[PDB]
Every structure is written in structure tokens, then in C-alpha cells.
$ cat data-v1.cif   # mmCIF, N, CA and C atoms
data_input
#
loop_
_atom_site.label_atom_id
_atom_site.label_comp_id
_atom_site.auth_asym_id
_atom_site.auth_seq_id
_atom_site.Cartn_x
_atom_site.Cartn_y
_atom_site.Cartn_z
N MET F 1 22.54 32.84 -14.07
CA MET F 1 22.64 32.85 -12.59
C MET F 1 22.62 34.28 -12.07
N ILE F 2 22.02 34.47 -10.90
CA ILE F 2 22.03 35.77 -10.25
C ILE F 2 22.59 35.63 -8.83
N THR F 3 23.47 36.53 -8.46
CA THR F 3 24.08 36.51 -7.13
C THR F 3 23.90 37.85 -6.43
N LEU F 4 23.46 37.81 -5.18
CA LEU F 4 23.36 39.01 -4.37
C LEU F 4 23.82 38.72 -2.95
N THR F 5 24.09 39.76 -2.19
CA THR F 5 24.64 39.59 -0.86
C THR F 5 23.55 39.60 0.20
N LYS F 6 23.91 39.19 1.41
CA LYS F 6 23.00 39.21 2.55
C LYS F 6 22.44 40.61 2.74
N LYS F 7 23.33 41.58 2.62
CA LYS F 7 23.00 42.98 2.80
C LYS F 7 21.96 43.44 1.77
N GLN F 8 22.09 42.95 0.53
CA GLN F 8 21.12 43.27 -0.52
C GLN F 8 19.77 42.63 -0.21
N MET F 9 19.80 41.39 0.27
CA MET F 9 18.58 40.72 0.70
C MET F 9 17.90 41.53 1.79
N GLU F 10 18.69 41.97 2.75
CA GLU F 10 18.23 42.82 3.83
C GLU F 10 17.65 44.13 3.29
N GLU F 11 18.31 44.71 2.30
CA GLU F 11 17.85 45.94 1.68
C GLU F 11 16.49 45.75 1.00
N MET F 12 16.34 44.64 0.28
CA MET F 12 15.08 44.32 -0.37
C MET F 12 14.00 44.04 0.68
N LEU F 13 14.36 43.27 1.70
CA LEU F 13 13.44 42.94 2.78
C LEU F 13 12.95 44.19 3.49
N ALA F 14 13.86 45.12 3.75
CA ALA F 14 13.51 46.38 4.41
C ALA F 14 12.56 47.20 3.55
N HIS F 15 12.84 47.22 2.25
CA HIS F 15 12.01 47.95 1.29
C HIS F 15 10.62 47.33 1.19
N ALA F 16 10.58 46.01 1.29
CA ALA F 16 9.33 45.28 1.21
C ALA F 16 8.37 45.70 2.32
N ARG F 17 8.83 45.66 3.57
CA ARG F 17 7.99 46.03 4.71
C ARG F 17 7.71 47.53 4.68
N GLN F 18 8.70 48.28 4.20
CA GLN F 18 8.60 49.73 4.04
C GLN F 18 7.37 50.13 3.22
N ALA F 19 7.15 49.42 2.13
CA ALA F 19 6.09 49.76 1.19
C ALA F 19 4.71 49.35 1.69
N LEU F 20 4.66 48.33 2.55
CA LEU F 20 3.39 47.78 3.04
C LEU F 20 2.48 48.88 3.58
N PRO F 21 1.16 48.76 3.36
CA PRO F 21 0.53 47.59 2.74
C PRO F 21 0.55 47.63 1.21
N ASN F 22 1.28 48.57 0.64
CA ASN F 22 1.49 48.60 -0.80
C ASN F 22 2.63 47.66 -1.16
N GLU F 23 2.74 47.33 -2.43
CA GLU F 23 3.77 46.40 -2.86
C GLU F 23 5.07 47.16 -3.12
N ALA F 24 6.20 46.47 -2.99
CA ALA F 24 7.49 47.12 -3.05
C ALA F 24 8.21 46.84 -4.36
N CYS F 25 8.37 47.88 -5.18
CA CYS F 25 9.04 47.73 -6.47
C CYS F 25 10.34 48.52 -6.50
N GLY F 26 11.15 48.27 -7.52
CA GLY F 26 12.41 48.98 -7.68
C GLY F 26 13.31 48.27 -8.67
N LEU F 27 14.58 48.65 -8.70
CA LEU F 27 15.53 48.07 -9.64
C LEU F 27 16.72 47.47 -8.89
N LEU F 28 17.50 46.67 -9.59
CA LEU F 28 18.71 46.09 -9.03
C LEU F 28 19.92 46.52 -9.87
N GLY F 29 20.95 47.00 -9.19
CA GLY F 29 22.12 47.48 -9.89
C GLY F 29 23.39 46.77 -9.46
N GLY F 30 24.36 46.73 -10.36
CA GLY F 30 25.61 46.07 -10.08
C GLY F 30 26.37 45.77 -11.35
N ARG F 31 26.89 44.56 -11.46
CA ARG F 31 27.63 44.16 -12.65
C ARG F 31 26.95 42.98 -13.33
N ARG F 32 26.97 42.99 -14.65
CA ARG F 32 26.44 41.88 -15.42
C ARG F 32 27.50 41.40 -16.39
N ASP F 33 27.85 40.13 -16.30
CA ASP F 33 28.91 39.57 -17.12
C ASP F 33 28.64 38.10 -17.40
N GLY F 34 28.82 37.70 -18.66
CA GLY F 34 28.45 36.35 -19.06
C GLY F 34 26.96 36.15 -18.94
N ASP F 35 26.23 37.27 -19.05
CA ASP F 35 24.77 37.32 -18.89
C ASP F 35 24.37 37.21 -17.41
N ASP F 36 25.27 36.70 -16.57
CA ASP F 36 25.00 36.60 -15.14
C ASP F 36 25.01 37.98 -14.50
N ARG F 37 24.33 38.10 -13.38
CA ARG F 37 24.14 39.40 -12.74
C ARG F 37 24.53 39.34 -11.27
N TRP F 38 25.28 40.33 -10.82
CA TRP F 38 25.67 40.43 -9.42
C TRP F 38 25.12 41.72 -8.82
N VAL F 39 24.21 41.58 -7.86
CA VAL F 39 23.56 42.73 -7.25
C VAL F 39 24.42 43.28 -6.12
N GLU F 40 25.05 44.42 -6.38
CA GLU F 40 25.90 45.06 -5.39
C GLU F 40 25.18 46.24 -4.75
N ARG F 41 24.06 46.63 -5.34
CA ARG F 41 23.23 47.67 -4.76
C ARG F 41 21.77 47.49 -5.16
N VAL F 42 20.89 47.49 -4.17
CA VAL F 42 19.46 47.52 -4.41
C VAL F 42 19.02 48.96 -4.65
N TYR F 43 18.16 49.17 -5.63
CA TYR F 43 17.66 50.50 -5.94
C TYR F 43 16.18 50.62 -5.58
N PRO F 44 15.88 50.97 -4.32
CA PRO F 44 14.50 51.19 -3.87
C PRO F 44 13.93 52.46 -4.48
N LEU F 45 13.16 52.31 -5.54
CA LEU F 45 12.60 53.45 -6.25
C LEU F 45 11.25 53.83 -5.67
N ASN F 46 10.71 52.94 -4.85
CA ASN F 46 9.40 53.10 -4.23
C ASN F 46 8.29 52.96 -5.27
N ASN F 47 7.09 52.59 -4.84
CA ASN F 47 6.00 52.30 -5.76
C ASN F 47 5.45 53.58 -6.38
N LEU F 48 5.77 53.80 -7.66
CA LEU F 48 5.28 54.96 -8.40
C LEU F 48 3.81 54.81 -8.79
N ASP F 49 3.21 53.67 -8.50
CA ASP F 49 1.80 53.47 -8.79
C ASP F 49 0.98 53.74 -7.53
N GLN F 50 -0.27 53.30 -7.53
CA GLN F 50 -1.13 53.44 -6.36
C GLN F 50 -1.74 52.08 -6.03
N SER F 51 -1.28 51.07 -6.74
CA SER F 51 -1.78 49.72 -6.58
C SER F 51 -1.11 49.01 -5.40
N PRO F 52 -1.86 48.14 -4.70
CA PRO F 52 -1.33 47.38 -3.57
C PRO F 52 -0.66 46.08 -4.00
N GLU F 53 -1.11 45.49 -5.10
CA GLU F 53 -0.57 44.22 -5.55
C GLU F 53 0.14 44.35 -6.89
N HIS F 54 -0.33 45.27 -7.72
CA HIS F 54 0.33 45.54 -8.99
C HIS F 54 1.39 46.61 -8.81
N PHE F 55 2.42 46.55 -9.62
CA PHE F 55 3.56 47.44 -9.49
C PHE F 55 3.62 48.43 -10.65
N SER F 56 4.46 49.43 -10.49
CA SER F 56 4.78 50.33 -11.57
C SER F 56 6.21 50.05 -11.99
N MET F 57 6.62 50.58 -13.13
CA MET F 57 7.98 50.39 -13.58
C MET F 57 8.79 51.63 -13.20
N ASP F 58 8.15 52.49 -12.41
CA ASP F 58 8.75 53.70 -11.86
C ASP F 58 9.49 54.50 -12.93
N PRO F 59 8.73 55.12 -13.86
CA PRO F 59 9.29 55.76 -15.07
C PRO F 59 10.34 56.83 -14.78
N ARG F 60 10.02 57.78 -13.91
CA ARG F 60 10.93 58.87 -13.60
C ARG F 60 12.15 58.33 -12.86
N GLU F 61 11.89 57.39 -11.97
CA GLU F 61 12.91 56.76 -11.15
C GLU F 61 13.90 55.98 -12.01
N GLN F 62 13.43 55.43 -13.13
CA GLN F 62 14.31 54.74 -14.08
C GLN F 62 15.44 55.67 -14.50
N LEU F 63 15.07 56.89 -14.87
CA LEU F 63 16.03 57.86 -15.36
C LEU F 63 17.01 58.24 -14.26
N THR F 64 16.51 58.27 -13.03
CA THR F 64 17.35 58.54 -11.87
C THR F 64 18.32 57.38 -11.62
N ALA F 65 17.81 56.16 -11.69
CA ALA F 65 18.61 54.98 -11.42
C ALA F 65 19.72 54.81 -12.45
N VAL F 66 19.39 54.98 -13.73
CA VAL F 66 20.39 54.85 -14.79
C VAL F 66 21.44 55.95 -14.66
N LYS F 67 21.00 57.12 -14.21
CA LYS F 67 21.89 58.25 -13.99
C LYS F 67 22.89 57.94 -12.88
N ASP F 68 22.43 57.18 -11.89
CA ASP F 68 23.26 56.77 -10.76
C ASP F 68 24.30 55.75 -11.22
N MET F 69 23.82 54.76 -11.96
CA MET F 69 24.67 53.69 -12.50
C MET F 69 25.79 54.26 -13.37
N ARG F 70 25.52 55.36 -14.04
CA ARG F 70 26.52 55.99 -14.89
C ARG F 70 27.58 56.72 -14.05
N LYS F 71 27.20 57.10 -12.84
CA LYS F 71 28.13 57.79 -11.94
C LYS F 71 29.14 56.79 -11.37
N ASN F 72 28.66 55.61 -11.01
CA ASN F 72 29.51 54.62 -10.33
C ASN F 72 30.11 53.61 -11.30
N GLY F 73 29.51 53.48 -12.48
CA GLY F 73 30.05 52.59 -13.49
C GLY F 73 29.40 51.22 -13.50
N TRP F 74 28.20 51.14 -12.93
CA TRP F 74 27.47 49.88 -12.88
C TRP F 74 26.39 49.84 -13.97
N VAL F 75 25.72 48.70 -14.08
CA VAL F 75 24.70 48.50 -15.11
C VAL F 75 23.39 48.00 -14.50
N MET F 76 22.34 47.99 -15.31
CA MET F 76 21.03 47.55 -14.86
C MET F 76 20.91 46.03 -14.99
N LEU F 77 20.62 45.37 -13.88
CA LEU F 77 20.51 43.92 -13.87
C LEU F 77 19.07 43.49 -14.10
N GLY F 78 18.15 44.24 -13.51
CA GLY F 78 16.74 43.92 -13.62
C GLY F 78 15.93 44.68 -12.59
N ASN F 79 14.76 44.17 -12.27
CA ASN F 79 13.89 44.82 -11.30
C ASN F 79 13.31 43.80 -10.35
N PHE F 80 12.67 44.31 -9.31
CA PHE F 80 12.04 43.46 -8.32
C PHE F 80 10.77 44.12 -7.81
N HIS F 81 9.79 43.31 -7.45
CA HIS F 81 8.58 43.81 -6.82
C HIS F 81 8.00 42.74 -5.91
N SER F 82 7.64 43.15 -4.71
CA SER F 82 7.24 42.22 -3.66
C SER F 82 5.78 42.40 -3.30
N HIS F 83 5.07 41.29 -3.13
CA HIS F 83 3.66 41.34 -2.77
C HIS F 83 3.51 41.49 -1.26
N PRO F 84 2.49 42.24 -0.81
CA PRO F 84 2.31 42.58 0.62
C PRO F 84 2.25 41.37 1.54
N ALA F 85 1.32 40.46 1.27
CA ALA F 85 1.19 39.25 2.06
C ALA F 85 0.80 38.08 1.17
N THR F 86 1.00 38.27 -0.12
CA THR F 86 0.66 37.27 -1.11
C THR F 86 1.92 36.60 -1.66
N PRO F 87 1.79 35.41 -2.27
CA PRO F 87 2.94 34.61 -2.71
C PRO F 87 3.70 35.21 -3.90
N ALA F 88 4.72 34.48 -4.34
CA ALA F 88 5.57 34.92 -5.44
C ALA F 88 4.97 34.52 -6.79
N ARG F 89 5.81 34.57 -7.83
CA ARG F 89 5.40 34.28 -9.21
C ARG F 89 4.57 35.43 -9.79
N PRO F 90 4.73 35.71 -11.09
CA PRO F 90 3.95 36.74 -11.76
C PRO F 90 2.54 36.26 -12.09
N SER F 91 1.55 37.08 -11.79
CA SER F 91 0.17 36.73 -12.07
C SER F 91 -0.17 37.10 -13.51
N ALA F 92 -1.35 36.70 -13.98
CA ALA F 92 -1.72 36.90 -15.38
C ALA F 92 -1.73 38.37 -15.76
N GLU F 93 -2.40 39.20 -14.96
CA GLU F 93 -2.44 40.63 -15.23
C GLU F 93 -1.11 41.28 -14.86
N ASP F 94 -0.48 40.75 -13.82
CA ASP F 94 0.81 41.27 -13.34
C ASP F 94 1.88 41.14 -14.42
N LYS F 95 1.86 40.01 -15.12
CA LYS F 95 2.82 39.73 -16.18
C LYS F 95 2.59 40.63 -17.39
N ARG F 96 1.34 41.04 -17.60
CA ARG F 96 0.98 41.90 -18.74
C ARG F 96 1.64 43.28 -18.61
N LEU F 97 2.09 43.61 -17.41
CA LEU F 97 2.74 44.89 -17.16
C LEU F 97 4.19 44.87 -17.65
N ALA F 98 4.65 43.71 -18.09
CA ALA F 98 6.00 43.57 -18.61
C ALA F 98 6.08 44.03 -20.06
N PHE F 99 6.53 45.26 -20.24
CA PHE F 99 6.70 45.83 -21.57
C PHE F 99 8.15 45.69 -22.02
N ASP F 100 8.80 44.65 -21.53
CA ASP F 100 10.20 44.38 -21.83
C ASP F 100 10.30 43.08 -22.63
N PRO F 101 11.47 42.80 -23.24
CA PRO F 101 11.67 41.57 -24.00
C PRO F 101 11.82 40.33 -23.12
N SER F 102 12.78 40.36 -22.19
CA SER F 102 13.07 39.21 -21.34
C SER F 102 13.98 39.62 -20.18
N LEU F 103 13.58 40.63 -19.44
CA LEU F 103 14.37 41.11 -18.31
C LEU F 103 14.15 40.23 -17.08
N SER F 104 14.88 40.54 -16.01
CA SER F 104 14.79 39.79 -14.77
C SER F 104 13.82 40.46 -13.81
N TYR F 105 12.75 39.75 -13.48
CA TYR F 105 11.76 40.23 -12.54
C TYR F 105 11.80 39.40 -11.27
N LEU F 106 12.29 39.99 -10.19
CA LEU F 106 12.31 39.31 -8.91
C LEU F 106 11.02 39.59 -8.15
N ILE F 107 10.30 38.53 -7.82
CA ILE F 107 9.08 38.67 -7.04
C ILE F 107 9.29 38.05 -5.67
N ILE F 108 9.11 38.85 -4.63
CA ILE F 108 9.31 38.39 -3.27
C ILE F 108 7.96 38.17 -2.59
N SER F 109 7.84 37.04 -1.92
CA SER F 109 6.63 36.71 -1.19
C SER F 109 6.77 37.13 0.27
N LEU F 110 6.01 38.15 0.66
CA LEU F 110 6.06 38.65 2.03
C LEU F 110 4.88 38.10 2.84
N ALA F 111 4.37 36.95 2.40
CA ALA F 111 3.29 36.27 3.12
C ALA F 111 3.70 36.02 4.56
N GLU F 112 4.97 35.71 4.76
CA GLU F 112 5.53 35.58 6.09
C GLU F 112 6.97 36.11 6.08
N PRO F 113 7.39 36.82 7.14
CA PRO F 113 8.77 37.32 7.24
C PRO F 113 9.73 36.22 7.68
N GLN F 114 9.16 35.14 8.18
CA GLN F 114 9.94 34.00 8.63
C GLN F 114 10.45 33.21 7.44
N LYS F 115 9.69 33.25 6.35
CA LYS F 115 10.06 32.58 5.12
C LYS F 115 9.57 33.36 3.91
N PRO F 116 10.27 34.44 3.55
CA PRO F 116 9.98 35.23 2.37
C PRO F 116 10.61 34.62 1.13
N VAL F 117 9.78 34.07 0.25
CA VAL F 117 10.29 33.41 -0.94
C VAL F 117 10.86 34.44 -1.90
N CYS F 118 12.14 34.31 -2.20
CA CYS F 118 12.80 35.19 -3.13
C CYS F 118 13.28 34.41 -4.35
N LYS F 119 12.76 34.74 -5.52
CA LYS F 119 13.20 34.12 -6.76
C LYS F 119 13.34 35.18 -7.85
N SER F 120 14.03 34.83 -8.91
CA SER F 120 14.18 35.71 -10.05
C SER F 120 13.50 35.09 -11.26
N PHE F 121 12.52 35.77 -11.81
CA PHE F 121 11.78 35.24 -12.93
C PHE F 121 12.13 35.99 -14.21
N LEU F 122 12.44 35.24 -15.25
CA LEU F 122 12.72 35.81 -16.55
C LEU F 122 11.45 35.76 -17.39
N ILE F 123 10.88 36.92 -17.65
CA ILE F 123 9.66 36.99 -18.44
C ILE F 123 10.02 37.04 -19.91
N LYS F 124 9.76 35.94 -20.60
CA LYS F 124 10.09 35.83 -22.00
C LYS F 124 8.81 35.76 -22.82
N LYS F 125 8.95 35.83 -24.13
CA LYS F 125 7.82 35.70 -25.05
C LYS F 125 7.18 34.33 -24.86
N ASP F 126 8.02 33.31 -24.95
CA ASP F 126 7.59 31.92 -24.89
C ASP F 126 7.06 31.53 -23.51
N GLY F 127 7.36 32.33 -22.49
CA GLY F 127 6.87 32.05 -21.16
C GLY F 127 7.77 32.62 -20.08
N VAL F 128 7.57 32.17 -18.85
CA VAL F 128 8.37 32.65 -17.73
C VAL F 128 9.35 31.56 -17.28
N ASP F 129 10.60 31.95 -17.08
CA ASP F 129 11.65 31.02 -16.71
C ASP F 129 12.23 31.40 -15.35
N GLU F 130 12.63 30.41 -14.57
CA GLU F 130 13.11 30.67 -13.23
C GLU F 130 14.64 30.74 -13.17
N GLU F 131 15.13 31.81 -12.58
CA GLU F 131 16.54 31.97 -12.31
C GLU F 131 16.77 31.82 -10.81
N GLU F 132 17.77 31.04 -10.43
CA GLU F 132 18.00 30.76 -9.03
C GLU F 132 18.98 31.77 -8.44
N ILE F 133 18.76 32.11 -7.17
CA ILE F 133 19.54 33.14 -6.51
C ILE F 133 20.63 32.54 -5.62
N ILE F 134 21.86 32.92 -5.90
CA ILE F 134 23.00 32.52 -5.09
C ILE F 134 23.42 33.69 -4.20
N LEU F 135 23.73 33.41 -2.94
CA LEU F 135 24.07 34.46 -1.99
C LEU F 135 25.58 34.67 -1.90
N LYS F 136 25.97 35.91 -1.64
CA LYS F 136 27.37 36.25 -1.43
C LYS F 136 27.52 36.89 -0.05
N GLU F 137 28.54 36.45 0.67
CA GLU F 137 28.76 36.86 2.06
C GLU F 137 29.27 38.29 2.14
N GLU F 138 29.91 38.71 1.07
CA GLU F 138 30.59 40.00 1.04
C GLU F 138 30.27 40.73 -0.26
N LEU F 139 30.40 42.05 -0.24
CA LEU F 139 30.23 42.85 -1.45
C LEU F 139 31.38 42.59 -2.41
N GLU F 140 31.23 43.04 -3.65
CA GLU F 140 32.26 42.83 -4.66
C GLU F 140 33.43 43.80 -4.46
N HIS F 141 34.03 43.73 -3.27
CA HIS F 141 35.24 44.49 -2.94
C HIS F 141 35.01 45.99 -3.05
N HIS F 142 33.87 46.44 -2.52
CA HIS F 142 33.52 47.86 -2.46
C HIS F 142 33.25 48.41 -3.86
N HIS F 143 33.20 49.73 -4.00
CA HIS F 143 32.89 50.35 -5.29
C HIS F 143 33.96 50.01 -6.33
N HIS F 144 35.19 49.81 -5.85
CA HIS F 144 36.31 49.36 -6.69
C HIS F 144 36.63 50.35 -7.82
N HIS F 145 37.66 51.16 -7.61
CA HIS F 145 38.10 52.11 -8.62
C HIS F 145 39.45 52.69 -8.24
N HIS F 146 40.45 52.49 -9.09
CA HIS F 146 41.78 53.01 -8.82
C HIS F 146 41.99 54.32 -9.56
#

$ encode --input "data-v1.cif" --output "C-alpha cells"
Amino acid sequence: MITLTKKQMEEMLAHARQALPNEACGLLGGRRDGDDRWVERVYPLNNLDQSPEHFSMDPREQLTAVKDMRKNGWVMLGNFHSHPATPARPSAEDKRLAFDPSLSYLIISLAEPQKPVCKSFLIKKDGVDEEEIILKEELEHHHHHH
């Protein structure tokens, strides 16, 4: 299961339109426990590629993002990339860009802002599996540190 807040959805949505007409990629940070993931911060790394529909894994930005997570004490949950005006789900060539074992790839459909399809796809060897997104009204009690 994956859980994120309204604010995170808003953050992803903002990043999506921000990147247009290019596609919007980046990472998701927060806490992962019981294999489940809670997105407490969206990491807009911006499209390190030049493609409009295909994404990059933002190599340099990865090092920046992990460096950030080490500062606050969070972990890497997965990544997300949104298509400009095209639907969700990973395409044949799009999926080939997955040089990972079975991470979480969120693909957002910005075909319409009235109904942007947001799902989390697990790209595995055997195939792609769907993870459902649960919303949280509030953040996980701020950065939390005594």
C-alpha cells in the first residue's frame, strides 16, 4: 500500500503542469515500513532528459535527493513521472527505461486536470503490478524529531 497527502498530490500536480509540454519526473520521499510507503515529501527533480513523453531517472538529482533524505532521516519510496496529455500506465519502450528490480513507478495522466489518473505501478520481472493510493488528510506530524 502507498499513502500520500492532499498536499503531496498538489505538489505532484503542480510539478506535472510545471514540466509541460515535457513530462514531469522525480522521486518520492518519506517513510517506508512493512514495505508500505508514506509520501511526506515530493521530490521534483525536473526532467533531466529532453524527451516529452519519455522520462529520465535524473542521475545527478538522485544523489541530491538521497543526500536530502539523509539530512532529515527519510528514505526513498520510489519515483513518479507524468505524461503531458497522454494516459497512465508504462508503455513498452517507457518500461524498458526501468533499470531497477521492482521499484514503485507512479505514472500520472495529465490528459485532463479535471481527472488526472494517479496510480502506483510496480515494475517487476514477471510484469507490472498495480499499487493503490490511499490519501492522508494531514502530514505525518511534521518532520518529527525530539

$ select_by_dssp --input "data-v1.cif" --residues "chain F" --states "helix (DSSP H, G or I)" --output "VMD selection string"
chain F and resid 6 to 19 59 to 72 92 to 95

$ residues_around --input "data-v1.cif" --residues "residue 133 (chain F)" --least-positions-apart "5" --cutoff "10 Å" --atoms "only C-alpha atoms" --output "number ranges by chain"
F: 1-5, 37-38, 106, 118-120

$ resolve_selection --input "data-v1.cif" --expression "the PyMOL selection byres ((chain F and resi 79) around 5)" --output "PyMOL selection string"
chain F and resi 26-28+77-78+80-81+104-106

$ closest_residue --input "data-v1.cif" --among "F:83, F:143, F:115, F:95" --to "residue 20 (chain F)" --atoms "all atoms listed in the file"
F:83

$ residues_around --input "data-v1.cif" --residues "region 16-19 of chain F" --least-positions-apart "2" --cutoff "8 Å" --atoms "only N, CA and C atoms" --output "PyMOL selection string"
chain F and resi 10-14+21-25+46-47+81-84+110

$ closest_residue --input "data-v1.cif" --among "F:31, F:48, F:96, F:43" --to "residue 74 (chain F)" --atoms "all atoms listed in the file"
F:31

$ atom_distance --input "data-v1.cif" --atom1 "CA of residue 34 (chain F)" --atom2 "CA of residue 108 (chain F)"
24.9 Å

$ select_by_dssp --input "data-v1.cif" --residues "chain F" --states "strand (DSSP E)" --output "number ranges by chain"
F: 2-5, 24-33, 36-43, 75-83, 104-109, 117-123, 128-131, 133-136

$ write_last_selection --input "data-v1.cif" --atoms "N, CA and C atoms" --output "compact mmCIF listing (two decimals), in the frame of the given file"
# COMPACT_ATOMS: atom_id res chain seq x y z
N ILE F 2 22.02 34.47 -10.90
CA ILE F 2 22.03 35.77 -10.25
C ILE F 2 22.59 35.63 -8.83
N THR F 3 23.47 36.53 -8.46
CA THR F 3 24.08 36.51 -7.13
C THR F 3 23.90 37.85 -6.43
N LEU F 4 23.46 37.81 -5.18
CA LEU F 4 23.36 39.01 -4.37
C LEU F 4 23.82 38.72 -2.95
N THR F 5 24.09 39.76 -2.19
CA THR F 5 24.64 39.59 -0.86
C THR F 5 23.55 39.60 0.20
N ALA F 24 6.20 46.47 -2.99
CA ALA F 24 7.49 47.12 -3.05
C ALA F 24 8.21 46.84 -4.36
N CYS F 25 8.37 47.88 -5.18
CA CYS F 25 9.04 47.73 -6.47
C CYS F 25 10.34 48.52 -6.50
N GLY F 26 11.15 48.27 -7.52
CA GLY F 26 12.41 48.98 -7.68
C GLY F 26 13.31 48.27 -8.67
N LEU F 27 14.58 48.65 -8.70
CA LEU F 27 15.53 48.07 -9.64
C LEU F 27 16.72 47.47 -8.89
N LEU F 28 17.50 46.67 -9.59
CA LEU F 28 18.71 46.09 -9.03
C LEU F 28 19.92 46.52 -9.87
N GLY F 29 20.95 47.00 -9.19
CA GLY F 29 22.12 47.48 -9.89
C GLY F 29 23.39 46.77 -9.46
N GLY F 30 24.36 46.73 -10.36
CA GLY F 30 25.61 46.07 -10.08
C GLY F 30 26.37 45.77 -11.35
N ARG F 31 26.89 44.56 -11.46
CA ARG F 31 27.63 44.16 -12.65
C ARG F 31 26.95 42.98 -13.33
N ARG F 32 26.97 42.99 -14.65
CA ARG F 32 26.44 41.88 -15.42
C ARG F 32 27.50 41.40 -16.39
N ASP F 33 27.85 40.13 -16.30
CA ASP F 33 28.91 39.57 -17.12
C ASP F 33 28.64 38.10 -17.40
N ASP F 36 25.27 36.70 -16.57
CA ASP F 36 25.00 36.60 -15.14
C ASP F 36 25.01 37.98 -14.50
N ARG F 37 24.33 38.10 -13.38
CA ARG F 37 24.14 39.40 -12.74
C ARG F 37 24.53 39.34 -11.27
N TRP F 38 25.28 40.33 -10.82
CA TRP F 38 25.67 40.43 -9.42
C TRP F 38 25.12 41.72 -8.82
N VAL F 39 24.21 41.58 -7.86
CA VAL F 39 23.56 42.73 -7.25
C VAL F 39 24.42 43.28 -6.12
N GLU F 40 25.05 44.42 -6.38
CA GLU F 40 25.90 45.06 -5.39
C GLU F 40 25.18 46.24 -4.75
N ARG F 41 24.06 46.63 -5.34
CA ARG F 41 23.23 47.67 -4.76
C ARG F 41 21.77 47.49 -5.16
N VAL F 42 20.89 47.49 -4.17
CA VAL F 42 19.46 47.52 -4.41
C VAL F 42 19.02 48.96 -4.65
N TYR F 43 18.16 49.17 -5.63
CA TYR F 43 17.66 50.50 -5.94
C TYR F 43 16.18 50.62 -5.58
N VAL F 75 25.72 48.70 -14.08
CA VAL F 75 24.70 48.50 -15.11
C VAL F 75 23.39 48.00 -14.50
N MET F 76 22.34 47.99 -15.31
CA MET F 76 21.03 47.55 -14.86
C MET F 76 20.91 46.03 -14.99
N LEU F 77 20.62 45.37 -13.88
CA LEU F 77 20.51 43.92 -13.87
C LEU F 77 19.07 43.49 -14.10
N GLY F 78 18.15 44.24 -13.51
CA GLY F 78 16.74 43.92 -13.62
C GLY F 78 15.93 44.68 -12.59
N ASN F 79 14.76 44.17 -12.27
CA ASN F 79 13.89 44.82 -11.30
C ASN F 79 13.31 43.80 -10.35
N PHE F 80 12.67 44.31 -9.31
CA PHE F 80 12.04 43.46 -8.32
C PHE F 80 10.77 44.12 -7.81
N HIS F 81 9.79 43.31 -7.45
CA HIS F 81 8.58 43.81 -6.82
C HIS F 81 8.00 42.74 -5.91
N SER F 82 7.64 43.15 -4.71
CA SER F 82 7.24 42.22 -3.66
C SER F 82 5.78 42.40 -3.30
N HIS F 83 5.07 41.29 -3.13
CA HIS F 83 3.66 41.34 -2.77
C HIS F 83 3.51 41.49 -1.26
N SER F 104 14.88 40.54 -16.01
CA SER F 104 14.79 39.79 -14.77
C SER F 104 13.82 40.46 -13.81
N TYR F 105 12.75 39.75 -13.48
CA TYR F 105 11.76 40.23 -12.54
C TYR F 105 11.80 39.40 -11.27
N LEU F 106 12.29 39.99 -10.19
CA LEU F 106 12.31 39.31 -8.91
C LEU F 106 11.02 39.59 -8.15
N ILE F 107 10.30 38.53 -7.82
CA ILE F 107 9.08 38.67 -7.04
C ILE F 107 9.29 38.05 -5.67
N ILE F 108 9.11 38.85 -4.63
CA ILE F 108 9.31 38.39 -3.27
C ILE F 108 7.96 38.17 -2.59
N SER F 109 7.84 37.04 -1.92
CA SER F 109 6.63 36.71 -1.19
C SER F 109 6.77 37.13 0.27
N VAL F 117 9.78 34.07 0.25
CA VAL F 117 10.29 33.41 -0.94
C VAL F 117 10.86 34.44 -1.90
N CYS F 118 12.14 34.31 -2.20
CA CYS F 118 12.80 35.19 -3.13
C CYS F 118 13.28 34.41 -4.35
N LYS F 119 12.76 34.74 -5.52
CA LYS F 119 13.20 34.12 -6.76
C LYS F 119 13.34 35.18 -7.85
N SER F 120 14.03 34.83 -8.91
CA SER F 120 14.18 35.71 -10.05
C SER F 120 13.50 35.09 -11.26
N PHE F 121 12.52 35.77 -11.81
CA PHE F 121 11.78 35.24 -12.93
C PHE F 121 12.13 35.99 -14.21
N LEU F 122 12.44 35.24 -15.25
CA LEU F 122 12.72 35.81 -16.55
C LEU F 122 11.45 35.76 -17.39
N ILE F 123 10.88 36.92 -17.65
CA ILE F 123 9.66 36.99 -18.44
C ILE F 123 10.02 37.04 -19.91
N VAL F 128 7.57 32.17 -18.85
CA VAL F 128 8.37 32.65 -17.73
C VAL F 128 9.35 31.56 -17.28
N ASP F 129 10.60 31.95 -17.08
CA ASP F 129 11.65 31.02 -16.71
C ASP F 129 12.23 31.40 -15.35
N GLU F 130 12.63 30.41 -14.57
CA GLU F 130 13.11 30.67 -13.23
C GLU F 130 14.64 30.74 -13.17
N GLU F 131 15.13 31.81 -12.58
CA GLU F 131 16.54 31.97 -12.31
C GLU F 131 16.77 31.82 -10.81
N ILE F 133 18.76 32.11 -7.17
CA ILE F 133 19.54 33.14 -6.51
C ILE F 133 20.63 32.54 -5.62
N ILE F 134 21.86 32.92 -5.90
CA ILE F 134 23.00 32.52 -5.09
C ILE F 134 23.42 33.69 -4.20
N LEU F 135 23.73 33.41 -2.94
CA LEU F 135 24.07 34.46 -1.99
C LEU F 135 25.58 34.67 -1.90
N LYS F 136 25.97 35.91 -1.64
CA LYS F 136 27.37 36.25 -1.43
C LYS F 136 27.52 36.89 -0.05

$ atom_distance --input "data-v1.cif" --atom1 "CA of residue 117 (chain F)" --atom2 "atom C of residue 75 (chain F)"
23.8 Å

$ atom_distance --input "data-v1.cif" --atom1 "CA of residue 111 (chain F)" --atom2 "atom C of residue 87 (chain F)"
7.1 Å

$ closest_residue --input "data-v1.cif" --among "F:139, F:42, F:123, F:90" --to "residue 9 (chain F)" --atoms "all atoms listed in the file"
F:42

$ closest_residue --input "data-v1.cif" --among "F:76, F:45, F:63, F:85" --to "residue 30 (chain F)" --atoms "all atoms listed in the file"
F:76

$ resolve_selection --input "data-v1.cif" --expression "the PyMOL selection byres (((chain F and resi 127 and name CA) around 12) and name CA)" --output "ChimeraX atom specification"
/F:90,92,95-96,98,101-102,121-126,128-130

$ closest_residue --input "data-v1.cif" --among "F:113, F:29, F:40, F:93" --to "residue 62 (chain F)" --atoms "only C-alpha atoms"
F:29
